[PDB]
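For reference, the chain that follows is the form deposited in one PDB entry, supplied as structure tokens.
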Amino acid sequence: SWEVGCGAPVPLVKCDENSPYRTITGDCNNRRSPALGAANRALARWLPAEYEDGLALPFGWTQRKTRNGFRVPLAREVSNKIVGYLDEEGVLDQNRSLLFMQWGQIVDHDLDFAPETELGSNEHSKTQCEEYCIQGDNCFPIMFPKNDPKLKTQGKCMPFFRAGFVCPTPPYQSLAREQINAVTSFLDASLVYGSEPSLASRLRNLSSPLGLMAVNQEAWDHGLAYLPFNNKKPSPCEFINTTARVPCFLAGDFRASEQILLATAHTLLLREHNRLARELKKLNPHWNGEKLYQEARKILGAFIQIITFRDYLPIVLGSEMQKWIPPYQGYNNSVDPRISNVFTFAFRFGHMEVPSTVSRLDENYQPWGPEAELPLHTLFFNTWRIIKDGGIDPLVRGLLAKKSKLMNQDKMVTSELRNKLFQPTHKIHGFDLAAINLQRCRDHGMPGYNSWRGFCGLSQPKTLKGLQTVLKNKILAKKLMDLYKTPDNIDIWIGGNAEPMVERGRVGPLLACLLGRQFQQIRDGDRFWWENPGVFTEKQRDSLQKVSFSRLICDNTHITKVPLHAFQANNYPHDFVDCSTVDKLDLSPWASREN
């Protein structure tokens, strides 16, 4: 038999064979094979892993060893000589709002999570790594090259730890090391509810039987909900500001707090759960807290799927969408809904769409006062700005009137993320997401760029001349070549994002294929897909295709003018209409009588 083996990080409890709801861990979605899709299982491999020693070591761990005859360049150099750029002018997407970049972060979070390894608390393994930069075990440092400013100021390297893997978390030796996805593979709102039983419970307001999610006690937004604070101390949200001491938010996903905007979207989804939960009491008064919790939750899952598949993917896969995601013909038991290891790196394209600053706007959408615009890095793990500086209406207006950063070949990643990133584990805004990303592709044992080129049925460059034509850019290919000595060693992340963009989307051929495939799979393979004959009622369905993110805002904030098409660029006030004119969720085909 196949490696029908491992699974140790795995929880395990049972399946009700005809239940009308998703489990909290994704289990039992597939009847033949229960665990398919579930949290805490290895990420799927669409191709064999590629390691230095064959089973666990990454390329660029042993200095002597080469990859196809050449040394792999240090990550931070690829970052320095290619990704980075100085001039922020003319870098914004003329036809995408900031929201376009944010919604993506929400979905890449709903689908995947690889926790780093961590067995070294109260040991000097966190110090033997940050302070002394000595490789070993799960400490895989990002070493700085020569001619690097950070050298003169931060040390020899940036600490970095390898991602957790299945079976244990200690020394494993026989099949190749596979990394862990720690959230459910189906798009189901597990970022709002959590992917664990342990946790979905702590997020809920059980004390009361209305199916409410627990909200913040200490603070309220002009009389509105706030994700609840988190116990865990030292939470670094109070480190960026020791005077204010405002903890991070506790949510379905642990990353809710990296940045003030993602934290804002998490609050817009929480309120809406409660808004639906309490409206569902009004129409079906004999429904218990659990019943309310589920049908409410079950809906939000639909809101996310719809918007994702209706308003988000076609302006991304562009014209390529149809070549990958055929219309929906119904659940197919033979499809593997799992998230592949490569997709988790393919979705990081969203990193080139992050602008350099976040704006705050007043009611007539104007600069919210003196310091209304802040550079991005002052917002990593920043909760005090929301709590003590306006709430979210000013911020949410921002995501609409403002634009995303257009990914473009000469300016890729903003400096805010490439030079001034802040990590929870350490205490300096001084990391590089590009380098970190590039190392991560290696930690996970990812096959080179041309492998994937071949996998998707695309040509495969072997020469500068070949690379110039594919990338359609002479200088870019040249630098890629000077560093990788062969298109075959080019880390897929940099590989994928350097290809020009497909017509009407925001990503190239390769990446369109990888993403194109994954969402096709998580849709055809989701038994709880919302367009699935059975999940909701026929009337209930027509009710739902009437949703917009524009409506979501109106119901949960005090913004009165929003646009009809939140994702594409929209100016105020021409493209801004008042809430009263926006279609709404008719919760009646839900209204029960006789239950």
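All residue numbers refer to positions in the sequence shown, first residue = 1. So that the term is clear: the rigid core is the largest set of C-alpha atoms that superpose within 1.5 Å between two forms.
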Identify the stretch, either 256 to 264 or 243 to 251, whose C-alpha atoms have the larger mean B-factor according to the entry. 243 to 251
Using the B-factors recorded in the PDB entry, average over the C-alpha atoms of 35 to 43 and of 61 to 69, then report which stretch comes out higher. 61 to 69
Highest-ranked of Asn341, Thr383, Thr357, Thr127 once sorted by CA temperature factor in the record: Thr127
Highest-ranked of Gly330, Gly496, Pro314, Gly194 once sorted by CA temperature factor in the record: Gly330
Is the Cα B-factor recorded for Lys474 in the lowest, middle or highest third of its chain? middle
Looking at the entry's B-factor column for C-alpha atoms only, identify whether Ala214 ranks in the lowest, middle or highest third of its chain. highest
Could you say whether, by C-alpha temperature factor, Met412 belongs to the lowest, middle or highest third of its chain? lowest
Split into thirds by Cα B-factor across the chain's modelled residues, where does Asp27 land: lowest, middle or highest? middle
Within-chain third of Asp432 by Cα B-factor, per the entry: lowest
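The form deposited in another entry exists for this protein as well; it is not shown, and the discussion that follows is about that form.
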Considering only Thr242, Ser207, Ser121, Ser334, which residue exhibits a C-alpha shift of no less than 2 Å between this form and the one not shown, with the rigid core used for superposition? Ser121
Is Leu587 one of the residues whose Cα moves 2 Å or more between this form and the one not shown, with the core superposed? no
After a rigid core superposition, would you say the CA of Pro20 moves by 2 angstroms or more between this form and the one not shown, or not? no
Did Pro11 shift 2 Å or more between this form and the one not shown, C-alpha, core superposed: yes
